[PDB]
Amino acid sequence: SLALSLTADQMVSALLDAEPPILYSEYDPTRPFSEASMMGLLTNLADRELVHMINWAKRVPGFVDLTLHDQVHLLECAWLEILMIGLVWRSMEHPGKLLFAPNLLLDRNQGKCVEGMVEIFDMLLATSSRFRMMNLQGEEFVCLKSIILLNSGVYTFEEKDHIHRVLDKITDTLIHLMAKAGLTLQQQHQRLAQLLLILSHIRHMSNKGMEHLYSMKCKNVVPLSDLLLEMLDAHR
């Protein structure tokens, strides 16, 4: 592999350059919100983001060295976590609001339009407030998102040694960014721990999000895309 040869600054520039774009929703402010329309907006947006996430996954250092089967497995376990951390990242500068798209800004009262969604909304907002509290930086965010891709499905598989080697390099990168920011060694270890413990909450939100997605699928209310259905069946 070549990912093992990149320095910390080269790891950051590779992750920053691979960042997906910010997509717009088909949201029309003239339409009154229904449970079926609001779910349709969010699920349509998520489907289009999934296509960009797949091509973003290829540019994450070390991901192409894996077999095609292992690439599918990691993405199948992590896709909702990656969508959620992306959502809470771009919602950081909007307290009490989730920025699904630049034209789709929603608060917890809007989430009441869809049954069982406010529970997900509150957790997403709490993650966003935590990031804003910690003053999460873009360089740290792209490191955390790459960790999720490589770590979430790694406990459900010699290829694991390569993945753990890449994960260690990302850890070296996180520590390098924190030392560069003037943090003492104690603060570097403490901030590293705080950032990685949030991934436990993100896994929790993904688990609840899957169950919420599965319920809306069985209700046949929201039209789900074929790609999103396959990602949903992978968790069952």
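Numbers follow the displayed sequence, beginning with 1. Here, rigid core means the biggest group of C-alpha atoms that superpose within 1.5 Å across both forms.
K.L.:
Using the rigid core for superposition, please say which stretch has the greater CA deviation in 8 other deposited structures of this protein, 6-14 or 19-27.
P.N.:
Relative to the shown form, the greater RMS C-alpha distance in 8 other deposited structures of this protein belongs to 19-27.
K.L.:
With the rigid core held as the alignment frame, decide whether 107-115 or 141-149 lies farther from the shown form in 8 other deposited structures of this protein, in terms of RMS C-alpha distance.
P.N.:
So, of the two stretches, the farther one in 8 other deposited structures of this protein is 107-115.
K.L.:
Looking at the other compared entries that model both neighbours, is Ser128 missing coordinates in at least a third of them?
P.N.:
That residue is present in all of the other compared entries.
K.L.:
Is it true that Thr156 goes unbuilt in a third or more of the other compared entries of this protein?
P.N.:
Yes; at least one third of the other entries leave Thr156 out.
K.L.:
Averaging CA B factors per stretch from the PDB record, which one is higher: 66-74 or 192-200?
P.N.:
Stretch with the higher mean C-alpha B-factor: 66-74.
K.L.:
Per the record, averaged over C-alpha atoms, which has the higher B-factor: 142-150 or 100-108?
P.N.:
According to the entry, 100-108 carries the higher average C-alpha B-factor.
K.L.:
Once the chain's modelled residues are ordered by C-alpha B factor and cut into thirds, is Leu23 in the lowest, middle or highest one?
P.N.:
Bottom third by C-alpha B-factor.
K.L.:
Lowest, middle or highest third: where is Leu167 by C-alpha B factor in its chain?
P.N.:
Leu167: CA B-factor falls in the lowest third of its chain.
K.L.:
Classify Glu211 as lowest, middle or highest third according to the C-alpha B-factor given in the PDB entry, relative to its own chain.
P.N.:
It belongs to the middle third of the chain when residues are ordered by C-alpha B-factor.
K.L.:
Looking at the C-alpha B-factor of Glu81, is it in the lowest, middle or highest third of its chain?
P.N.:
Ranked within chain, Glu81 CA B lands in the lowest tercile.
K.L.:
Test of reading the entry: by CA B factor among the chain's modelled residues, which third contains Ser91?
P.N.:
For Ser91, the deposited C-alpha B-factor lands in the lowest third.
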